[PDB]
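What follows is one structure encoded as structure tokens, with my remarks underneath.
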Amino acid sequence: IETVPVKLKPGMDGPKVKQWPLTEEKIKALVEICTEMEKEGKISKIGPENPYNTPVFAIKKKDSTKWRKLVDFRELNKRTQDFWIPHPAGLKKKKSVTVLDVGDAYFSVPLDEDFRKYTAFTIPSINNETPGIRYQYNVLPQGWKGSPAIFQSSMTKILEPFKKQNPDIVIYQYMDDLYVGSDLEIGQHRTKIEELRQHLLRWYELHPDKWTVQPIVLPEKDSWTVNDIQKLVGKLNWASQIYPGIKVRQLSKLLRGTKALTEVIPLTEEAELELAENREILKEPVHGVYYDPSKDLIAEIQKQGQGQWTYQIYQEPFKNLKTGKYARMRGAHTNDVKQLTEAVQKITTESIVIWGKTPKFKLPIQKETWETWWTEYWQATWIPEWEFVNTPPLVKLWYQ
Amino acid sequence: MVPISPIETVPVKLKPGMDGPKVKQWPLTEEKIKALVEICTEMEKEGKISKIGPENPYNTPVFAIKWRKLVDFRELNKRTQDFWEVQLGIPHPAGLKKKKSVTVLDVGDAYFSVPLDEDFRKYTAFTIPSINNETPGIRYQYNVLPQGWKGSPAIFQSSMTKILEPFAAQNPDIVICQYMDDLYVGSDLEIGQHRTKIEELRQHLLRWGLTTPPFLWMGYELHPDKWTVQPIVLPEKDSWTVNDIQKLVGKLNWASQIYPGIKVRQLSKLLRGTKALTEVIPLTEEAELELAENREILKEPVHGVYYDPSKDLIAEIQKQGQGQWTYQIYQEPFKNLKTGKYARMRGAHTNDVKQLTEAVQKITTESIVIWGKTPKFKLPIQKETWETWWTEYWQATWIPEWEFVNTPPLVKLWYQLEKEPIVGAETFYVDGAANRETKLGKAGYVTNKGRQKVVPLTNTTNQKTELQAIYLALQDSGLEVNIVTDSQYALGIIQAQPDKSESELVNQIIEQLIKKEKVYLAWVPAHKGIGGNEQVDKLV
Ligand SMILES: Cc1cc(/C=C/C#N)cc(C)c1Nc1nc(Nc2ccc(C#N)cc2)nc(OCCCN2CCOCC2)n1
């Protein structure tokens, strides 16, 4: 009921980010939504005295045909002091984790008047005709990094009964999302959540236990071709960049001479021992792999084709904190970019559950291609950072 | 007197830590001074400006060019804040709709009638030097938006929109615009009902105290039924300066939005890493024909139509050649809304598919800006070609809804690397080494059939010989062939699948691959003593 003082960082002005073009239907959906949001005092039209701007678009979520207003507060977020919960390391260990959209609750809290100028955004017009309808936020804006940190106080007071009623249920909050974990049974889990939905009214289901950190494996054949062994050695050589005592000399010895690629080379005892010793090494985890929360998390995605995608999360090269594999079919068999986007969401969501912050992605896609279409399949309320890799990584065939 | 609604002022501040302007008052002739005194008198009579005293330490210079008053806010603008864009980016004619009638109204009577924020008028203080400097010059400040000030256009058009807003949502059968001293309204209504609603507008502006084809607009010509560009003037001269090239290039790109087949590569090739205004630059035979073709294109006028939301939107792309593409956008055959082109990005290697994709993404972006939707595409590429490409492409890639059009040249795939090693195909282990300091090196291969070759090379590098050895392996082999290499560089290039390259070496590799039936291309790590893969034959 009282605006907490909010200011920017030393030597930084508010966000002046260009609004990218929106389609006709998304513009209508934003017009309809903002028209009402204005009436509820959530937003108020601003004049030309406000120079700042944060991009804004519209999406559609699961089991919902109603549009949602997405504001890309990425530039405004990195221009906020923040520093106002130690990440619950038990969330990634629960049988089931549920994700809830507690964004509506933020709109009951007024915003610091001096800061409202930085929450400026523009609903664009088609063909640069009329000037874009401009708004600023009066309440707490969804997606803003300062939104949950401020509401962190109010939220602790809301979930005070539920937590103490059952201290076996873990609860976490990142951006507009509330994450709830439980080792219970799904039927009782959904009702326990149904109980938590009515508990929130008066004031997507994951399974982290169905996931680990994928290892590196080598083939088990009875007869090996030259090409089979050439790949094997190639993988082992790459695996040596990570694991210590990986030796390839006894297998390389088999390749001596200049045989045909499809010719079968029988394994020697010296080599069979070496391959076996290499397996044992790969079985063990990676040595001295820790997580420094001061550094950036990097995600690398490799398109494997046939709906399959591989990824890795790390901070220092050859020191993965996690590696995974996807192949889901959410009615996207004809579209690579939709798959990539759903994959980026998935990874980012998982990244939130484990470390409590999103990673920086390296996407196997042209900047121009991605930038045109990704919003058309985005269904998350947060947005990570991303680079674009243009050189075909050899490591693709080493993670499959 | 009917009470005029007061236009709410937009609060203006300076930049943080900056004091207002304080420049010297420019010495004027007695003629210029006598002129300004009359103007500033009748302006003060019109309620535009007002007289002030010595309490205002801020000074703004003022000139007089012949009659007309000029105020130089060159230093105040350096001290005035930033405003919202409003609206950096003009509407494109191809997006507008056909209107049966368009009326013109005057807004020169209304510009000066827009108040300025009170606590900012003290920065607009200017001095009129009296005769012979024998008196303290007349001090004055503005009470409305000055012409030339940093924030005037933004506040003007903002307050203007705010006024027209009710008389626009209540009249969906009407369309308005602001350019520049005038106001333009259009409708498809009867000439009677149209002239009526214009009177309803003049009376709506009268409330705030405002009683005031073909059209030349932003380089376009706007007709009630169609649009085009204002005639493009290409400077004809035997001597071509660097500045005249950019003038020629800029005017050609402008014309390419409606004139189909416009090419601009050969003229843009002559602006690489050169920053000058004076240099008589020659032209190739490819450039002279190009400019002669453009003059042949611009010899007959062509018109674009307007957008009717009731119909499909369609974009058609054709390969011009040499990394150049052209597109036409329409709803009905032969009736373009607009045209345009796409030039390939500055790279070393590329293929037609990747370029076609880029053009589509450009058009798509351009389309959404103008019509707010994605168009259907007619593309010079067989579905299979696209089907093979994107499924196998290491990258993620996508093209919106589209259909194939059989208008050659067709975009195709010229070769496809095997997924698995080929049975019965000879296996060429290749390497290529080069001495860094002597620029000398070797490149060659050995095969499972005893076949060998090492070729000696002068003036070359490691990355060049590793390519070369593959070129040799390609050269001396059957229609089917496996190739092992240790060059992550050589593989990295071919796994990007170019059909054209800057390096002629690569181009020759490409030509070789094309002539082949099946090509498998394996990779191994070097110096791990991998047999077949010999370093001892090339390193020497
Ligand atoms: C009137 C006008 C005059 C000039 C310059 C004149 C000079 N000097 C410049 C502009 C830019 C406009 N403004 C305008 N003009 C048209 N049609 C039109 C027809 C014939 C002629 C002629 N001859 C000229 C114009 N249509 C529209 O918009 C319609 C679509 C609206 N929606 C809104 C929601 O999103 C979708 C688009 N705006």
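Protein sequences appear in the order of chains B and A.
According to PDB author numbering, the first sequence holds residues 5 to 88, 94 to 212, 232 to 428 in order.
According to PDB author numbering, the second sequence holds residues -1 to 64, 71 to 216, 225 to 552 in order.
By construction, the Cβ of each residue, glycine as well, lies at the ideal position given by its N, Cα and C atoms.
Residue i versus residue j - alpha carbon distance
i        : j        : result
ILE167/A : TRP229/A : 24 Å
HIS315/A : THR397/B : 32 Å
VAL365/A : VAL111/A : 52 Å
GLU415/A : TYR318/A : 24 Å
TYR319/B : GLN340/A : 54 Å
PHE171/B : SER191/B : 13 Å
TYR427/B : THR362/A : 27 Å
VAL10/B  : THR39/B  : 27 Å
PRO321/B : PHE346/B : 18 Å
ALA33/A  : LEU74/A  : 12 Å
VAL148/A : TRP252/A : 48 Å
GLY155/A : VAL90/A  : 11 Å
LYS201/B : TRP402/A : 45 Å
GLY316/B : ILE382/A : 55 Å
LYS331/B : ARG356/A : 25 Å
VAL0/A   : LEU210/A : 10 Å
Contact under 7 Å by Cβ, residue i with residue j
i        : j        : result
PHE389/B : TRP406/B : no
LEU479/A : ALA502/A : yes
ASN255/A : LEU289/A : yes
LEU34/B  : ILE132/B : yes
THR351/A : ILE270/A : yes
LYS103/A : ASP186/A : no
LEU246/B : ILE542/A : no
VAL493/A : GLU404/A : no
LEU422/A : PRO392/A : yes
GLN367/B : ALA408/B : no
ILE142/A : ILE135/A : no
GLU302/B : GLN278/B : yes
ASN54/A  : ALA129/A : yes
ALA360/A : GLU523/A : no
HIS198/A : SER105/A : yes
Three-state secondary structure (DSSP) of residue i
i        : result
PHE171/A : helix
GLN332/B : strand
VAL10/A  : coil
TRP535/A : strand
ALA437/A : coil
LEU295/B : coil
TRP402/A : helix
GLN524/A : helix
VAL35/B  : helix
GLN332/A : strand
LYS46/A  : coil
Other residues of its chain near residue i: CB distance less than 8 Å, five sequence neighbours each side excluded
i        : result
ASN147/B : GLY45, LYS46, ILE47, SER48, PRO119, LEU120 and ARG125
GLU378/A : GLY352
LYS22/A  : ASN57 and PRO59
Close beta carbons around residue i, own chain, < 7 Å, minus the five adjacent residues each side
i        : result
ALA158/B : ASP86 and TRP88
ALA129/B : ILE50, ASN54, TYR56, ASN57, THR58, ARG143 and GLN145
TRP88/A  : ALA158
Residue i CB to nearest heavy atom of ligand 3 below 6 Å
i        : result
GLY190/A : With respect to ligand 3, the structure shown offers nothing to examine, as its ligands consist of ligand 1.
What residues in the stretch 53 to 70 of chain B have a beta carbon less than 9 Å from any beta carbon of chain A? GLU53, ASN54, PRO55, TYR56 and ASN57
Identify each residue in the stretch 497 to 520 of chain A for which the Cβ-Cβ distance to at least one residue of chain B is less than 8 Å, and report them in chain order. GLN500, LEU503, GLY504, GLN507 and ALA508
Residues of the stretch 365 to 380 of chain B with a CB closer than 7 Å to any CB of chain A: list them in chain order, please. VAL365 and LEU368
Using a beta-carbon distance cut-off of less than 7 Å, what residues from the stretch 89 to 108 of chain A approach chain B? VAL90, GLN91, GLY93, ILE94, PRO95, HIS96 and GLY99
In the stretch 409 to 442 of chain A, which residues sit with their C-beta less than 7 Å from some C-beta in chain B, listed in chain order? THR409, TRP410, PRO433, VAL435, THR439 and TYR441
Can you give me, in chain order, the residues of the stretch 177 to 198 of chain B that have a beta carbon less than 8 Å from any beta carbon in chain A? none
Please list the residues of the stretch 163 to 185 of chain A that have a C-beta atom closer than 8 Å to any C-beta atom in chain B, keeping them in chain order. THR165 and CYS181
Where the stretch 336 to 364 of chain A meets chain B: residues whose CB sits under 8 Å from a CB there: none
Scan the stretch 387 to 421 of chain B for residues whose Cβ lies nearer than 9 Å to a Cβ of chain A and list them as they occur along the chain. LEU391, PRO392, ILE393, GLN394, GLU396, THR397, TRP398, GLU399, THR400, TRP401, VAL417, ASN418, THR419, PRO420 and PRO421
Can you pull out the residues from the stretch 30 to 54 of chain B whose beta carbon lies closer than 8 Å to at least one beta carbon of chain A? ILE31, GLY51, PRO52, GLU53 and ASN54
Check each residue of the stretch 455 to 486 of chain A: if its Cβ is closer than 8 Å to any Cβ of chain B, include it; give the result in chain order. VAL458, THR459 and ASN460
Short-range partners of chain B found in the stretch 282 to 298 of chain A, where Cβ spacing is below 7 Å: none
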